[PDB]
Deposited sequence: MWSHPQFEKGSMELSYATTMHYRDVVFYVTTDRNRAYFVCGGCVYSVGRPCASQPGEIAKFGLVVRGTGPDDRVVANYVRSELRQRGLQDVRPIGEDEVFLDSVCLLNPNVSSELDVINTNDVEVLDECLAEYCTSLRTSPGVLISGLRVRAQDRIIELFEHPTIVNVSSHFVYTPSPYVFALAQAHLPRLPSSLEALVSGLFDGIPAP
């Protein structure tokens, strides 16, 4: 037997009570129905009941190759500028993929495919082609918890080799947002109308 590599690092856990289906999105609604979580591009968005409701997102961000730098985040940012699109979460990383035109395309998607070999290299500290699948999110349906791992599983899309995440590159994070990404806003309109009040 082997010890599970993911438990050598931390996780974030978002607990919920019920699951509801709305506008093709699976929402995970808290016990007192103040929040609805949903999965998008390997990270979790949170929408609060309007009283607009609070918006936040949870998941892995990419930062630097060392504690005090942000070369990886900065790379993704400049890459996003060039496509025409502050912390860099995995769903922003999804947008680098030529098969993804907005956050809408990766709703309910737990895994993040990176075909950018430079970014793959940042993530793995090795020459990596043609790219990797990054998996840092699991829905624990029976426990009613969404779990986000600090140590993501990183697998070559073609050779299936598993890579050790480069130290310092990944961290768990939470961001408060003033609004959802524009392509996701319509998904939550009217959501709480079918969810009984706290």
Counting from 1 along the deposited sequence, the ranges with no C-alpha atoms are 52 to 54, 89 to 96
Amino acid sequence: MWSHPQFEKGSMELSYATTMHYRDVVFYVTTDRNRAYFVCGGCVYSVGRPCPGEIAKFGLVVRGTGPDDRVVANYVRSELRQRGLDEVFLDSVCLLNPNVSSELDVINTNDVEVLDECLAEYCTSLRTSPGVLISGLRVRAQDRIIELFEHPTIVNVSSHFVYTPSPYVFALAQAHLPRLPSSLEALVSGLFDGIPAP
From here on, numbers count along this sequence of modelled residues.
Would you mind comparing 25 to 33 and 126 to 134 for me and telling me which has the higher average C-alpha temperature factor in the entry? 126 to 134
So, looking at the entry's B-factor column for Cα atoms, which has the higher mean, 8 to 16 or 185 to 193? 185 to 193
Residue set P50, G59, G41, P152, per-entry CA B-factor max assigned to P50
Among the choices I107, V88, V100, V112, identify the one whose CA B-factor in the record is greatest. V100
Select lowest, middle or highest to describe the third in which the CA B-factor of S46 falls within its chain in this entry. lowest
Considering every modelled residue of the chain and its Cα B-factor in the PDB entry, is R70 in the lowest, middle or highest third? highest
Would you check the entry's CA temperature factor for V157 and let me know if it's in the chain's lowest, middle or highest third? highest
